[PDB]
Amino acid sequence: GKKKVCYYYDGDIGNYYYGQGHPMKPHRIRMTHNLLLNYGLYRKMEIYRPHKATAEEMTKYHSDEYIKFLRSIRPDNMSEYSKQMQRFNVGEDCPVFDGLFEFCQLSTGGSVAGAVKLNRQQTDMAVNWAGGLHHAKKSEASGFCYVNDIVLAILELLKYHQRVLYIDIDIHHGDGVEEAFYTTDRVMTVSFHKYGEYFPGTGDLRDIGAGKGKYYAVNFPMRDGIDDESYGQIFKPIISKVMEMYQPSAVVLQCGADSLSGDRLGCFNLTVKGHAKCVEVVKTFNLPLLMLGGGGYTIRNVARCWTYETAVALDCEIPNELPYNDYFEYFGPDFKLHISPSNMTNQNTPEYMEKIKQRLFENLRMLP
Ligand SMILES: CCC(O)(O)CCCCC[C@H](NC(=O)[C@H]1CC12CCN(C)CC2)c1nc(-c2ccc(F)cc2)[nH]c1C#N
Ligand SMILES: [Ca+2]
Ligand SMILES: [Ca+2]
Ligand SMILES: [Zn+2]
């Protein structure tokens with residue numbers, strides 16, 4: 001039936017600024033919050049302000065030197081860290097900005113606090129829209145990500161759960177999470193992403209894990225223009241097969257909204273309903289679930305998407321007519337919650353979708 005939902009948000013998150021021209025806008029988290037407050041979604045949800053994760057909590061995965069660097073660098077002292085910046089990939093994609101470390105602490109705090117709440121059996125679902133920064137590596141920032149809150153939250157879930165399933169619906173391959181757990185069978189990573197002349201360049205169908213982790217990494221490579229029909233054709237059958245064979249006791253779902261139609265960086269054609277159908281599918285398995293954010297670069301659509309996915313988590317129907325809110329003008333000319341797909345061609349033929357699904361099914365047959 002209906003589940004208890006705990007939601008993590010810090011009112012300062014929207015003030016962090018990556019810089020002029022940078023597509024990552026933390027303000028979209030504040031737009032999501034304001035929209036869901038104006039729809040009345042706060043009435044059946046426990047809202048918590050995450051603690052600022054310590055350097056010590058972050059070093060459960062990241063190197064001591066990398067976290068010390070993140071804690072020390074500032075725009076005013078950047079000139080003295082040119083060597084470490086190159087070493088840690090801090091530059092155009094992952095710039096130095098005022099409050100960078102505090103931003104990482106809040107993003108991470110929400111994910112780890114949600115995992116603790118799930119471990120204590122005090123909630124069925126935990127939501128942290130400020131998390132899902134899937135590209136960060138042990139000693140390297142990458143793709144707008146500095147601290148991998150997902151890996152840290154999974155490490156927390158591993159204290160009480162033998163097997164944890166990670167599902168990533170961001171348009172980009174979840175490389176940092178896949179790499180962290182590549183040689184273990186205690187985490188199965190499943191990523192659906194655009195593959196081919198696209199960042200980060202990894203996530204080939206043939207990358208299935210290594211050593212004890214062989215068959216525990218699943219990658220579904222897609223082409224431009226995937227729509228609700230095509231995505232729905234493979235998501236439920238793949239997740240159902242993974243659930244059947246792997247039998248996880250907890251799930252982490254990265255809900256990157258850059259897979260929506262009209263995204264500034266993405267090339268997919270999903271609507272908010274098509275994207276949210278993934279949340280509905282995962283929720284049906286009745287397992288402890290940590291829902292996280294991620295990409296999303298047309299910020300009015302990110303707010304619509306995550307507001308609707310929070311409503312899905314709560315089993316609350318919300319009207320298509322947007323309620324008045326602090327960012328109402330961003331939602332014109334229609335002022336509706338749901339979006340229409342574009343006329344872009346879907347390069348993912350039905351035959352291609354079935355063929356990739358059959359190859360993934362062959363790999364899933366190799367599990368014990
Ligand atoms: C939060 C999860 C996520 O949604 O999955 C993250 C997506 C990361 C995309 C990284 C990609 N970077 C590149 O394409 C690398 C190859 C370059 C090109 C851009 N330059 C700035 C660096 C090298 C990229 N960088 C940018 C960018 C644009 C303007 C800026 F002022 C700064 C950066 N755009 C893109 C894309 N696509
Ligand atoms: Ca993905
Ligand atoms: Ca794995
Ligand atoms: Zn992305």
# chains A, B, ... in the order shown; residues from 1 in each chain; ligands from 1
>>> closest_atom_pairs(of="chain A", to="ligand 4", cutoff="8 Å", atoms="only C-alpha atoms and all ligand atoms", output="JSON lines")
{"residue": "A:170", "atom": "CA", "partner": "ligand 4", "partner_atom_place_in_ligand_line": "1 (Zn)", "distance": 4.9}
{"residue": "A:171", "atom": "CA", "partner": "ligand 4", "partner_atom_place_in_ligand_line": "1 (Zn)", "distance": 5.0}
{"residue": "A:172", "atom": "CA", "partner": "ligand 4", "partner_atom_place_in_ligand_line": "1 (Zn)", "distance": 4.4}
{"residue": "A:173", "atom": "CA", "partner": "ligand 4", "partner_atom_place_in_ligand_line": "1 (Zn)", "distance": 7.6}
{"residue": "A:256", "atom": "CA", "partner": "ligand 4", "partner_atom_place_in_ligand_line": "1 (Zn)", "distance": 6.0}
{"residue": "A:257", "atom": "CA", "partner": "ligand 4", "partner_atom_place_in_ligand_line": "1 (Zn)", "distance": 7.5}
{"residue": "A:258", "atom": "CA", "partner": "ligand 4", "partner_atom_place_in_ligand_line": "1 (Zn)", "distance": 5.5}
{"residue": "A:259", "atom": "CA", "partner": "ligand 4", "partner_atom_place_in_ligand_line": "1 (Zn)", "distance": 7.5}
{"residue": "A:265", "atom": "CA", "partner": "ligand 4", "partner_atom_place_in_ligand_line": "1 (Zn)", "distance": 8.0}
{"residue": "A:266", "atom": "CA", "partner": "ligand 4", "partner_atom_place_in_ligand_line": "1 (Zn)", "distance": 7.5}
{"residue": "A:294", "atom": "CA", "partner": "ligand 4", "partner_atom_place_in_ligand_line": "1 (Zn)", "distance": 6.5}
{"residue": "A:295", "atom": "CA", "partner": "ligand 4", "partner_atom_place_in_ligand_line": "1 (Zn)", "distance": 4.1}
{"residue": "A:296", "atom": "CA", "partner": "ligand 4", "partner_atom_place_in_ligand_line": "1 (Zn)", "distance": 6.6}
>>> write_last_selection(atoms="N, CA and C atoms", output="compact mmCIF listing (two decimals), in the first residue's frame")
# COMPACT_ATOMS: atom_id res chain seq x y z
N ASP A 170 19.55 8.54 -15.47
CA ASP A 170 20.16 9.77 -16.00
C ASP A 170 20.57 9.42 -17.48
N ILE A 171 20.58 10.41 -18.40
CA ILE A 171 20.98 10.11 -19.78
C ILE A 171 22.45 9.68 -19.86
N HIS A 172 23.29 10.06 -18.86
CA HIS A 172 24.72 9.74 -18.87
C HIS A 172 24.98 8.47 -18.10
N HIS A 173 25.97 7.69 -18.56
CA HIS A 173 26.35 6.46 -17.89
C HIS A 173 26.80 6.75 -16.43
N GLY A 256 18.09 11.15 -12.59
CA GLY A 256 18.57 12.24 -13.44
C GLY A 256 17.55 12.61 -14.51
N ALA A 257 17.11 13.87 -14.50
CA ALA A 257 16.07 14.35 -15.40
C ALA A 257 16.56 14.84 -16.76
N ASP A 258 17.86 14.66 -17.06
CA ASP A 258 18.40 15.04 -18.38
C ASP A 258 17.97 14.05 -19.51
N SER A 259 17.28 12.96 -19.14
CA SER A 259 16.71 12.01 -20.10
C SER A 259 15.32 12.52 -20.61
N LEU A 265 21.23 19.53 -22.43
CA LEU A 265 22.38 18.68 -22.73
C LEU A 265 21.99 17.29 -23.26
N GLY A 266 20.80 16.83 -22.93
CA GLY A 266 20.32 15.52 -23.36
C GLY A 266 19.70 15.46 -24.74
N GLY A 294 20.18 14.11 -9.83
CA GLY A 294 21.25 13.89 -10.79
C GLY A 294 21.27 15.00 -11.80
N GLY A 295 21.40 14.65 -13.07
CA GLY A 295 21.39 15.65 -14.14
C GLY A 295 20.01 16.25 -14.36
N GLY A 296 19.92 17.19 -15.29
CA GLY A 296 18.68 17.90 -15.59
C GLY A 296 19.11 19.35 -15.79
>>> select_by_dssp(residues="range 54-170 of chain A", states="strand (DSSP E)", output="list in words")
residues 125, 126, 127, 128, 164, 165, 166, 167 and 168 of chain A
>>> closest_residue(among="A:216, A:182, A:361, A:297", to="ligand 1", atoms="only C-alpha atoms and all ligand atoms")
A:297
>>> residues_around(residues="residue 367 in chain A", least_positions_apart="6", cutoff="8 Å", atoms="only C-alpha atoms", output="PDB file with C-alpha atoms, in the first residue's frame")
ATOM      1  CA  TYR A 215      27.593 -10.208 -14.346  1.00  0.00           C
ATOM      2  CA  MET A 245      17.737 -13.190 -10.151  1.00  0.00           C
ATOM      3  CA  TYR A 246      19.546 -10.777  -7.803  1.00  0.00           C
TER       4      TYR A 246
END
>>> residues_near_ligand(ligand="ligand 3", cutoff="7 Å", atoms="only C-alpha atoms and all ligand atoms", output="ChimeraX atom specification")
/A:178,181-189,209,213,216-217
>>> closest_atom_pairs(of="range 53-146 of chain A", to="range 152-156 of chain A", cutoff="10 Å", atoms="only C-alpha atoms", output="JSON lines")
{"residue": "A:57", "atom": "CA", "partner": "A:152", "partner_atom": "CA", "distance": 8.0}
{"residue": "A:58", "atom": "CA", "partner": "A:152", "partner_atom": "CA", "distance": 7.0}
{"residue": "A:59", "atom": "CA", "partner": "A:152", "partner_atom": "CA", "distance": 9.0}
{"residue": "A:60", "atom": "CA", "partner": "A:152", "partner_atom": "CA", "distance": 7.0}
{"residue": "A:61", "atom": "CA", "partner": "A:152", "partner_atom": "CA", "distance": 6.6}
{"residue": "A:62", "atom": "CA", "partner": "A:152", "partner_atom": "CA", "distance": 9.1}
{"residue": "A:108", "atom": "CA", "partner": "A:152", "partner_atom": "CA", "distance": 7.7}
{"residue": "A:109", "atom": "CA", "partner": "A:153", "partner_atom": "CA", "distance": 9.1}
{"residue": "A:110", "atom": "CA", "partner": "A:153", "partner_atom": "CA", "distance": 9.1}
{"residue": "A:111", "atom": "CA", "partner": "A:153", "partner_atom": "CA", "distance": 5.5}
{"residue": "A:112", "atom": "CA", "partner": "A:153", "partner_atom": "CA", "distance": 4.6}
{"residue": "A:113", "atom": "CA", "partner": "A:153", "partner_atom": "CA", "distance": 8.1}
{"residue": "A:114", "atom": "CA", "partner": "A:153", "partner_atom": "CA", "distance": 7.8}
{"residue": "A:115", "atom": "CA", "partner": "A:153", "partner_atom": "CA", "distance": 5.6}
{"residue": "A:116", "atom": "CA", "partner": "A:156", "partner_atom": "CA", "distance": 6.8}
{"residue": "A:118", "atom": "CA", "partner": "A:156", "partner_atom": "CA", "distance": 9.8}
{"residue": "A:119", "atom": "CA", "partner": "A:156", "partner_atom": "CA", "distance": 8.1}
{"residue": "A:131", "atom": "CA", "partner": "A:153", "partner_atom": "CA", "distance": 9.9}
>>> select_by_dssp(residues="range 37-274 of chain A", states="alpha helix (DSSP H)", output="number ranges by chain")
A: 37-38, 55-58, 64-72, 82-87, 100-119, 149-157, 175-180, 228-246, 272-274
>>> residues_around(residues="residue 300 in chain A", least_positions_apart="2", cutoff="8 Å", atoms="only C-alpha atoms", output="ChimeraX atom specification")
/A:28,31,298,302-304,330-331
>>> closest_atom_pairs(of="chain A", to="ligand 2", cutoff="9 Å", atoms="only C-alpha atoms and all ligand atoms", output="tab-separated table")
residue	atom	partner	partner_atom_place_in_ligand_line	distance
A:134	CA	ligand 2	1 (Ca)	8.8
A:167	CA	ligand 2	1 (Ca)	7.7
A:168	CA	ligand 2	1 (Ca)	4.3
A:169	CA	ligand 2	1 (Ca)	4.5
A:170	CA	ligand 2	1 (Ca)	4.2
A:171	CA	ligand 2	1 (Ca)	5.2
A:172	CA	ligand 2	1 (Ca)	4.8
A:173	CA	ligand 2	1 (Ca)	4.2
A:174	CA	ligand 2	1 (Ca)	5.1
A:175	CA	ligand 2	1 (Ca)	8.5
A:190	CA	ligand 2	1 (Ca)	7.8
A:191	CA	ligand 2	1 (Ca)	4.3
A:192	CA	ligand 2	1 (Ca)	4.5
A:193	CA	ligand 2	1 (Ca)	4.4
A:194	CA	ligand 2	1 (Ca)	7.9
A:203	CA	ligand 2	1 (Ca)	8.7
A:219	CA	ligand 2	1 (Ca)	8.4
A:220	CA	ligand 2	1 (Ca)	8.6
A:254	CA	ligand 2	1 (Ca)	7.9
A:255	CA	ligand 2	1 (Ca)	8.8
A:256	CA	ligand 2	1 (Ca)	7.7
A:259	CA	ligand 2	1 (Ca)	8.8
>>> write_last_selection(atoms="N, CA and C atoms", output="short mmCIF file (atom, residue, chain, number, x, y, z; two decimals), in the first residue's frame")
data_model
loop_
_atom_site.label_atom_id
_atom_site.label_comp_id
_atom_site.auth_asym_id
_atom_site.auth_seq_id
_atom_site.Cartn_x
_atom_site.Cartn_y
_atom_site.Cartn_z
N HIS A 134 26.63 10.91 -9.70
CA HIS A 134 27.18 9.62 -10.07
C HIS A 134 28.55 9.56 -10.73
N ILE A 167 19.99 1.59 -9.63
CA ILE A 167 19.40 1.77 -10.97
C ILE A 167 19.60 3.24 -11.37
N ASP A 168 20.14 3.50 -12.57
CA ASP A 168 20.43 4.87 -12.96
C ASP A 168 19.72 5.22 -14.28
N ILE A 169 18.76 6.19 -14.25
CA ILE A 169 18.02 6.60 -15.45
C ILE A 169 18.44 8.00 -15.97
N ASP A 170 19.55 8.54 -15.47
CA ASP A 170 20.16 9.77 -16.00
C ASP A 170 20.57 9.42 -17.48
N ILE A 171 20.58 10.41 -18.40
CA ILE A 171 20.98 10.11 -19.78
C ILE A 171 22.45 9.68 -19.86
N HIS A 172 23.29 10.06 -18.86
CA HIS A 172 24.72 9.74 -18.87
C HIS A 172 24.98 8.47 -18.10
N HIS A 173 25.97 7.69 -18.56
CA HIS A 173 26.35 6.46 -17.89
C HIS A 173 26.80 6.75 -16.43
N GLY A 174 26.32 5.95 -15.48
CA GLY A 174 26.70 6.08 -14.07
C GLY A 174 28.05 5.43 -13.81
N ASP A 175 29.10 5.99 -14.40
CA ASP A 175 30.45 5.44 -14.34
C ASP A 175 31.10 5.39 -12.94
N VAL A 190 22.84 -0.99 -12.51
CA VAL A 190 22.09 -1.05 -13.77
C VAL A 190 21.95 0.36 -14.33
N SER A 191 22.53 0.64 -15.49
CA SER A 191 22.49 1.98 -16.08
C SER A 191 21.89 1.97 -17.47
N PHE A 192 20.91 2.85 -17.71
CA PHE A 192 20.26 3.02 -19.02
C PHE A 192 20.79 4.38 -19.46
N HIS A 193 21.49 4.44 -20.62
CA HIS A 193 22.09 5.73 -21.00
C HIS A 193 22.35 5.86 -22.49
N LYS A 194 22.52 7.10 -22.97
CA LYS A 194 22.90 7.32 -24.38
C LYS A 194 24.36 6.88 -24.48
N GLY A 203 30.17 2.58 -20.51
CA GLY A 203 28.84 1.99 -20.43
C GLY A 203 28.51 1.16 -21.65
N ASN A 219 24.62 -2.70 -18.46
CA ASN A 219 24.60 -1.44 -19.19
C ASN A 219 23.68 -1.56 -20.39
N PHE A 220 22.70 -0.66 -20.53
CA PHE A 220 21.77 -0.65 -21.66
C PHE A 220 22.08 0.60 -22.53
N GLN A 254 18.74 6.48 -9.08
CA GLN A 254 19.22 7.80 -9.53
C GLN A 254 18.23 8.28 -10.62
N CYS A 255 17.52 9.41 -10.36
CA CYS A 255 16.47 9.95 -11.23
C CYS A 255 16.87 11.15 -12.05
N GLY A 256 18.09 11.15 -12.59
CA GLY A 256 18.57 12.24 -13.44
C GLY A 256 17.55 12.61 -14.51
N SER A 259 17.28 12.96 -19.14
CA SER A 259 16.71 12.01 -20.10
C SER A 259 15.32 12.52 -20.61
#
>>> atom_distance(atom1="CA of residue 263 in chain A", atom2="CA of residue 353 in chain A")
22.2 Å
